[PDB]
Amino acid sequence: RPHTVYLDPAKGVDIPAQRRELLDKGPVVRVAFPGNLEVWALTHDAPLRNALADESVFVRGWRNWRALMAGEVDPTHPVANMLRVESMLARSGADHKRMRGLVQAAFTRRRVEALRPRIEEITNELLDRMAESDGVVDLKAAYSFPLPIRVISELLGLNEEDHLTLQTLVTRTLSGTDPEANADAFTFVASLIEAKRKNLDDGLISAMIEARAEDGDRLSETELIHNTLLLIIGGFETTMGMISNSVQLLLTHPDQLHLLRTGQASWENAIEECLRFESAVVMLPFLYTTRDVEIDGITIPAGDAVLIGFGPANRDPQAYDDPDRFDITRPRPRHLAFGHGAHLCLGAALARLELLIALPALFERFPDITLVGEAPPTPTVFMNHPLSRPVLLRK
């Protein structure tokens, strides 16, 4: 007989409140959206981590959602549609392993470490441009967005003319209020691929195209498009989010930033605590139960859809002492900001490198940077980062 959390991003977004309520309403909660869409969420660290590692019980892939294939839910509802896709993240077992295996090389810790000089160069160029500006600056537009999109652009083989197009596209797909986002994103990326087949390069999209051409069985056309999409979705928006979130947190905890700036504390650990404390991905659709599952005296029936509550789990007092305190010296937090199990973030080492470069460089160039104005949230209950991040670079 579960508690219910009613969500509507049109009536504002409040991630801190949402995280609190999802955690408070036991580990297993019902989440009701607009339309007549109600689903489950798992929101405490221990049950969530357990579910995320047990893919025979909690499977990926919309074909497993009973109510969806039984016409009880509208397939065009944005939330029902968001992970109604054919990429690796919406697969389990051999299909996941096949697809993830094809692209893993490009994202290994060691490959990512070879990207450091170029990431430093892109970071330093951005800082140079910021130094030419004089008064209030949107950190998101100047810094947080351009850095990760440039980095993933070079890895994937994207074109600079599409960077702003992609920013809009991804926001729409993650809004959970845009019925046509997936369809428009698919047609967009299909065109990218068809342009790229004409003019190959040494980027990952070209390599995946080349891999399909060599062996059609290795990767279908639908998988090529959807996996390209997934890499685009993941590739910049969350790192962008995290840069802004991290700067907000460090400047609102000036003592901790002081430790970082004087070499008395670890940037790496601080970034892990930022990931836990203000996780850019609050929750995502879905896990689907393969059988009846009982948690805390509540049974989730076989075939039901379950939101993955990374954000509430990251504030769980069972997992962390004093969870609602930001503390960069805390024992390296084993957080779920990058998820857990088979679908643990492909890009996790790349994001960690990006943040490790971007965050100290910013404060080195602009030691007296301050937060000004308001930073209203992106209107989505799925993601947690600001629409804008106004700063003053010089006192």
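Counting begins at 1, following the sequence as shown.
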- Look up the CA B-factors in the entry and say which stretch, 65-73 or 363-371, has the higher mean. 65-73
- Task: Check the entry's C-alpha temperature factors for 158-166 and 268-276, then say which stretch has the higher mean.
- Result: 158-166
- Query: When you compare the CA B-factors of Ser92, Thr222, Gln248, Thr239 as listed in the entry, which one comes out on top?
  - Reply: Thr222
- Message: Sorting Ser144, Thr108, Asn314, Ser206 by Cα temperature factor from the record, which one lands on top?
- Response: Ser206
- Third of the chain, ranked by Cα B-factor, where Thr177 sits: middle
- What third of its chain, lowest, middle or highest, does the C-alpha temperature factor of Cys345 fall into? lowest
- Message: Using the temperature factors of the C-alpha atoms in this entry, rank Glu294 within its chain: lowest, middle or highest third.
- Response: highest
- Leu83, C-alpha B-factor rank within chain (lowest, middle or highest third): lowest
- Taking the values exactly as deposited, rank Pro323 by C-alpha B-factor within its chain and report the matching third: lowest, middle or highest. middle
